[PDB]
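Each ligand, and each atom within it, is numbered from 1 in the order the structure gives. Side-chain atoms are counted along with the backbone in the values below, which use heavy atoms only and exclude waters and symmetry mates. Just so it is clear: chains get the letters A, B, ... in the order the sequence lines come, proteins before strands, and each one is counted from 1.
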Amino acid sequence: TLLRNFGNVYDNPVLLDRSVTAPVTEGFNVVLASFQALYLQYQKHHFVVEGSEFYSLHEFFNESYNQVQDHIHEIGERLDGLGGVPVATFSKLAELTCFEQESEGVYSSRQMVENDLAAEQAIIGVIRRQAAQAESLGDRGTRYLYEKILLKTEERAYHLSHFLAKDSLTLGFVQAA
Amino acid sequence: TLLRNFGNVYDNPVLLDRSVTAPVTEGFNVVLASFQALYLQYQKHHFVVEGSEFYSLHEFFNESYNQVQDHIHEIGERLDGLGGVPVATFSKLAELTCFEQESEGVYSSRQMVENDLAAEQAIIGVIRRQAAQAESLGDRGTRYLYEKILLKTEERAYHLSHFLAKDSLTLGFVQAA
Amino acid sequence: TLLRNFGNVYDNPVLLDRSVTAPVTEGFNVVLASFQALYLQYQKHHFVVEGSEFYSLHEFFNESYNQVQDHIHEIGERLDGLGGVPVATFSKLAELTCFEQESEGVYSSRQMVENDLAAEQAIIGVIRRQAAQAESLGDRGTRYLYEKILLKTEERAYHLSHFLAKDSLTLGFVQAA
Amino acid sequence: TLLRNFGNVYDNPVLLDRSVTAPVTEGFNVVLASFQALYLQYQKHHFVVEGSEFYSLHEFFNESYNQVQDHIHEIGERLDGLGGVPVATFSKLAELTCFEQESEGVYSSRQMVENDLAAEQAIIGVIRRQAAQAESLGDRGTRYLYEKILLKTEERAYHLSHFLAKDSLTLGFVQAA
Amino acid sequence: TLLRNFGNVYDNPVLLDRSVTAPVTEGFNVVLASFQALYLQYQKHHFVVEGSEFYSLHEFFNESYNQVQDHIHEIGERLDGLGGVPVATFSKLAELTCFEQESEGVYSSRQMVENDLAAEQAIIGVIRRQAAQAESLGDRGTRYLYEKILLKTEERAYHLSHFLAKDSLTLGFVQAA
Amino acid sequence: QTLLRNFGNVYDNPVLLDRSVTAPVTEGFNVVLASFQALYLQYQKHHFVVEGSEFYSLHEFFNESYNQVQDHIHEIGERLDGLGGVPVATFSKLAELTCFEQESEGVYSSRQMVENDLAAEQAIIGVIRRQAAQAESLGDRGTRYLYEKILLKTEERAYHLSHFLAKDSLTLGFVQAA
Amino acid sequence: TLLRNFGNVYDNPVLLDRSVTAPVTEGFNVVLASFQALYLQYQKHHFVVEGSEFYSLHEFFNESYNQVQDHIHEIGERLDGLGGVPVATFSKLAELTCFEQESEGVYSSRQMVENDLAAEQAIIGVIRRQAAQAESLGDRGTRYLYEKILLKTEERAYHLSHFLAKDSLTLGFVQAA
Amino acid sequence: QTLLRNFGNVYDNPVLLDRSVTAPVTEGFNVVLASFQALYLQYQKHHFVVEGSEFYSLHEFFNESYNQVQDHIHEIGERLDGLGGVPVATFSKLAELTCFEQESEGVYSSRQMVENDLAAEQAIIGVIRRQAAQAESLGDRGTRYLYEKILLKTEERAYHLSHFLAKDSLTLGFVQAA
Amino acid sequence: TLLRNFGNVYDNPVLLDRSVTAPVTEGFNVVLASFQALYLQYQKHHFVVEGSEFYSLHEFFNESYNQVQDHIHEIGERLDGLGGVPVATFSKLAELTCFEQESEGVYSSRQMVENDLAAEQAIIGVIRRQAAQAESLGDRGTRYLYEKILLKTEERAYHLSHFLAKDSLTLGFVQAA
Amino acid sequence: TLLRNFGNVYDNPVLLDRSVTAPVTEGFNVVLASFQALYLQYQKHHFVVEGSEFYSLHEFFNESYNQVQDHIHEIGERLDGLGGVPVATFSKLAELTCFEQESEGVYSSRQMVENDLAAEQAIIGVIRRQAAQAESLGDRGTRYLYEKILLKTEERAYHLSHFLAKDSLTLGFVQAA
Amino acid sequence: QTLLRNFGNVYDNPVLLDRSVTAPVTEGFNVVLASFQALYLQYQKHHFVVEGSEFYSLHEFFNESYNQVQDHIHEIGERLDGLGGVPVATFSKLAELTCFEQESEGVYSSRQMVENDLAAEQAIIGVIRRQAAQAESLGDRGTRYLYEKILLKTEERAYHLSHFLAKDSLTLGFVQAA
Ligand SMILES: [Fe+3]
Ligand SMILES: [Fe+3]
Ligand SMILES: [Fe+3]
Ligand SMILES: [Fe+3]
Ligand SMILES: [Fe+3]
Ligand SMILES: [Fe+3]
Ligand SMILES: [Fe+3]
Ligand SMILES: [Fe+3]
Ligand SMILES: [Fe+3]
Ligand SMILES: [Fe+3]
Ligand SMILES: [Fe+3]
Ligand SMILES: [Fe+3]
Ligand SMILES: [Fe+3]
Ligand SMILES: [Fe+3]
Ligand SMILES: [Fe+3]
Ligand SMILES: [Fe+3]
Ligand SMILES: [Fe+3]
Ligand SMILES: [Fe+3]
Ligand SMILES: [Fe+3]
Ligand SMILES: [Fe+3]
Ligand SMILES: [Fe+3]
Ligand SMILES: [Fe+3]
Ligand SMILES: [Fe+3]
């Protein structure tokens, strides 16, 4: 039998008003869903990436989804700790994610990296909003956690950006443009 | 711009006929989807489990979904390697999983363990069928990998089953049902 | 073709008289046999324990028989080193153990813990007598080794005793006996 | 009070018929008893081995019984997991072991190594039979586990065999035959 | 003077008939020679690869010949354990390898990867035949070992083919052929 | 205010080497020290800014390289001081003593960066060989030995830099050659 | 030819306006140059410190420039990630550092520690201003990074001042000034 | 089809060494490389097949030895390529360049195996000394240094092999001497 | 509600008479309180020590209170194991400690080291008394534990003593007395 | 000039009378000198042992002088801590050692092991006398330290005697004396 | 009773070096071995007995130092035996061969201890350089190389000892100078 209903906030032990934990946990579920989406996508990319820079990308994608997994772990624990109910079903994850998952099929290396950067950017957008919200509502712990996650997420965005730059060692001996 | 379509099977570099890799990768995708559902469910259980045995269950659920992650990693890489396209969207995962995920909301610790046991049992059935199939098709690597995963999956079932046994130290001093 | 007969005591290289090594190695063999029985019983308990506290007990029993293995290793080597012949057959182990092993079959988790506590207590009595004897005979190394083992053995008894205490978090919400 | 009787099979959570788990767990108990016997014997040999190649043998015997201990651990857990009751008393272990333990007393290095090889060979015999049985009954997990154990056991047999070979560096300067 | 002649099989301590160990060891020598050839080739590629993706290839080749070295170790020891005589001279290695080594000289990155893939594929064919043989002859340990090695060898093949795929991040800004 | 050692001078050493040995040895160490600081800064810069299709490999390589150069600096700086010399540490003096000129401010292409690093390693290799030979001739075996340890790693970095630059690529199978 | 000109800011992939990244990267370069100067100085002090407390100071200076190196790494990578061009030439480093390096020569232990403290204090002033700026401009990641670095930098300042305190064990038996 | 470097030739190096230096240096490296591959194969074989009363010690020693030889091979092969040479890798060419002949196929006694390994190490020691001296005379300090590192380990293996062969044993207390 | 009252001894599982455990646990509480006092004091000293030998002292004080913490851990567990109730309130700790805590405020390095030595000496006094008591009452485990702790405590006393010795490298160039 | 004269005992900070520390430190110096002699001898044996069992002996001698080095460290530090002056010159070491070092030259493996055993036995005699003395004088820490060292020293003696036993694998195919 | 090697003599070696090389090389190794045993004992003593305001640093340094010296001893003793020599191990012969005299029994000041250790390192440095040069001239590159490895660490210990002795201190800010 059910103890907590999804969408409802329950007691927390850290002296935060339910007026604070409801929107904080609501936003946490959006970020949790989004990161689950991005974890699945990075993992997919790890599985399917091919081509001349395969080895670097394949290693990068693995590091990336490990890092995202750590974000998910911290968010889910805190979300529950604050009395929230974390999303876990495919259908609801799809509803709450803040970006559109890459379609089934295998795309090119460049497209995968572009897809991942766009996803990271959508998440960066949400985290900045939820961090500001937490700060305004007086939830320092949440504000600080988001900023830790933000910094790593911005870093992944920088790294993806560098993969995409129009430079290569091959330009010294291949036809440009 | 796609490079490989989902549901299609492409060339492999390990000298296996398409008549082998088509059903094998089809099966891998079912198992991959099922393990993703189970990973999400174990992780949810890690986040939300409470009560007297919370610490033990919390740890157990964490270890369990980490182990399921390792299965996912091995299956997905091999699936792609055999020329298949691994499933990664929420909608398709929902379609291919061999058990139905626990509904959103928080259930009792006993119900969660029961839900995880039913899930492993569903997966055990699928793995045994896929292993037999790989054997009869001459894909030893796949059969062997399934048996490695099967052994760990049976062990998780053993452990879940032990959590559910109607015995406790507390029976020494509490009223039995 | 034998080199040393069981029940006989031979020369040692540590300048101790046979009047010392005979009872000392006799005692070591009792303790060795008892610890083998306890190792087997702890290991059995690790294999079969189930119920609400299964995970904790499972871990505890594993740690316990690993620790008992270390005692066995130290005793057996020293026993041989002092010119004695260490017991190793099932029949003789049964004869020399200072407590009776739990019968075949699976008992409740409470009964197992109680059985392990009685076993440690039996061994505690024997170790204290053997330590006193070594002291009075002038075998400091043996006395010291027994005290090292005694300290760990008392600690296991403490822990077992704590498992059996009539307290639980569940008393907050279940009917007490 | 007893929950499970020895010799009886109980429920398992891995969808194996009791017609399968009864003979599988019966055979597991034979192998478990045999390995316990061989563990005690290797340990004894570690304790008592003497002579010019003492140091190598003494280290080898220790590695060997550590390895056997790992076999015992896997077998006992799976045996219980399948609903069986693992043997743990001296008397019953003696009844189920598939080889005769070395008699009490200290034998020569060569005899100990011969005794250990004969024991490994008796166990190899049983494991091949139980592996074939498991395969025939549809218990892949058990078949695979046995084959893992078989490989390590065959390896110990090879190593024991090499200790026994009639070659030595000493032959360059000692009287042969 | 000799103790074992090459091309002959002697006694083994694991109770297998020489009707089993003769074809099995003969097969192991073909696989052993093939892996030595592949080890030499991967290591060469590690030494000499240059170009824009040099660093990744360099690492991959290193990991690959390390893994091949591990297969060699297991095969050689078991070959001998089963009573066979393992090949070790340049001349016989050349004779027994199931593929032809790349010629002396430094080839292009792509050619090197193509050569390594062709070698892995030749070896996969032999292993599958040898594993089937071992299964038919009742040598489970050998069948199981081949399967362990097969899985890793197939994985190397996947990785190599991924290197060869006609995709690159550079396609965003260089002229396609 | 008060100085224990003045820059440009050589003080007593505790390892029984004459000033006729330690003066030129420590002078050379200061050139090599300055050069490696310049290279460390350059590799680190390259680590920060490299981008493009092989960014990931180059990123890692540049990081490994400047960590290695850091180890060289540590050994040299300690022995220099040990032999009675005063190691350089100011920006202007480092600029004066370095045996190659640093890449200008700005971000260059991956290829240009690797070329710049290789030319830098080559200048340093030249100095190290000359300084090793001098140490050998002057009887300072410890210094000769240290230089050879560092030389071997420095040559290895040059080899790897050279390999990055080679006109070969997996992409040549499906892109138009120059 | 150039891809990015020093003194200019380019695009970033973390959705920040160049009205934010221009002052933020300009600030990062001042801090980066200051830390390079401090790194060089600590390392110098590590090389040259001598005297009665040499060994402790030697260790401390080593730990300190290692920690400064870590700040440099984070700042440089983020500076670039935000689309700025990080300083690296001796000449521009001299121009941008917020404190003046100690002059060439070996100073007293006390003077060295005083110089390092004055440098840390100059850097603390800049960091606090730059952190405030970043907060005002909406760059949380930068604000947070500066705070991480600030805490360690303040800690180094505490430690340095502790070195300078007019207390010593020697005051029990030497003449105070 | 198309070759970047042809075997037997020396290409440009990035460490400012003349061809008059790198040609003989890399030629010698290829001999030492071939020899160590032969020794690696032999030690590994000995690891696989050694049996008898001291099997356990010899087993371990042979494993340690071929792992060490592997490290030598790795360093040599990389520097050889680095200096512009082409490292040998085919069975027939390895057979041609090795400085000792491999033990014949078959399993020999423990004593014969150790003797064979010692004779092999001794042949390689001879070559390494000559090649080190050449490198020294030609100005290649890095190569000279590397050879000396490897020489020292190789001599240590020879020492241990020699100790295995000594006519002494704990068993002499209770068995009949020859 | 209270289960055990402070000052009262309860059941133990190690077959020691309450006539033994009462004075043993009473003495353990004195030593526990004393070590808590000395832990707080070493920690304080770690926090506040300044001056020319600051770095060494600061590291020494940290090692020292880590070591004391380990003593406290062993004592508290055994104390409870023997059926005693360990002290934990500020007021009662103050009552039972065997030395007077250093007053609030920061003292000189020499004074701190003198204060710590005097504290260690008071504790050494008590441990020797309680060890003799345990020996006389037949509690070997306790006697042995005290002697382990004694040895480390004597060692800290030696080290403190050395800090205080009237020798210094500075005497070669500073005015003595 | 001197701070402590050899042969005299000074103050200690662990509240022991000099009637205790004088005989105890005098004893520690005899044991210290004996262990230095033994350390030198084991190390020599490590350098020079050759023959068929060379490799095992080589390892054993290394382990042994490492362990002796550990005894030396503990004894030296406590000797000084108790206010004594530890021996360190070749001449006085020769004078104080309780056994005579093996002569210069390389002896047989068996002779070396016999010499090492005789040395261990001489040291065992001293330690037992010194431990008894320390117990009688009320120096528990010293008594306990000697017992720790005694146990390891006895263990080395067992191992050495095992090397000397007239048994060997070679007795199966070589002529017994 | 029966000896396999007699002290003072050189036996066959398995690394193809003539007795004209191994006799003086192993003779020198025995002097350096004896000297390091003496230094090991001294550093260890200093570890045990050092006290005073800088006791903690000196304590650690002396421990690190004698562990390092132990490593030197291990390498030397093994190569000495390997080359066919007989390593010294008795107190009286160690006393005869050591190249410096041990500090007398008793506890000296921190400063005197550091001075004694430095003088000891300097004596050993002198011997090592002479023995390295001899090995070089005799064609024993492995021995020359080993000495240089050890020399470099030994010189580093001398540098650190020298730094302990320098007339500088944080205390000079508030205590009366000499
Ligand atoms: Fe967690
Ligand atoms: Fe948690
Ligand atoms: Fe992967
Ligand atoms: Fe043991
Ligand atoms: Fe387990
Ligand atoms: Fe388990
Ligand atoms: Fe490399
Ligand atoms: Fe092996
Ligand atoms: Fe992969
Ligand atoms: Fe990075
Ligand atoms: Fe340093
Ligand atoms: Fe240093
Ligand atoms: Fe980085
Ligand atoms: Fe601190
Ligand atoms: Fe092996
Ligand atoms: Fe490499
Ligand atoms: Fe605890
Ligand atoms: Fe506990
Ligand atoms: Fe060795
Ligand atoms: Fe110490
Ligand atoms: Fe042992
Ligand atoms: Fe200490
Ligand atoms: Fe050694």
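- Neither side chain, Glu115(K) nor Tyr108(K), offers a donor N or O lying under 3.5 Å from an acceptor on the other.
- Of all heavy-atom pairs spanning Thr143(F) and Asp140(F), the tightest one is OG1-OD2, 2.8 Å.
- Of all protein N, O or S atoms, those under 2.8 Å from the Fe ion (ligand 22) number 2.
- Side chains of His71(J) and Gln67(J): no donor on one and acceptor on the other come within 3.5 Å.
- The side chain to side chain donor-acceptor pair (under 3.5 Å) search around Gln70(F) returns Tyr39(G), not counting sequence neighbours.
- Using a 4.0 Å cut-off between charged nitrogen and carboxylate oxygen, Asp81(F) and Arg5(F) count as a salt-bridge pair.
- A ring-centre distance under 6.0 Å is found for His160(K) and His58(G).
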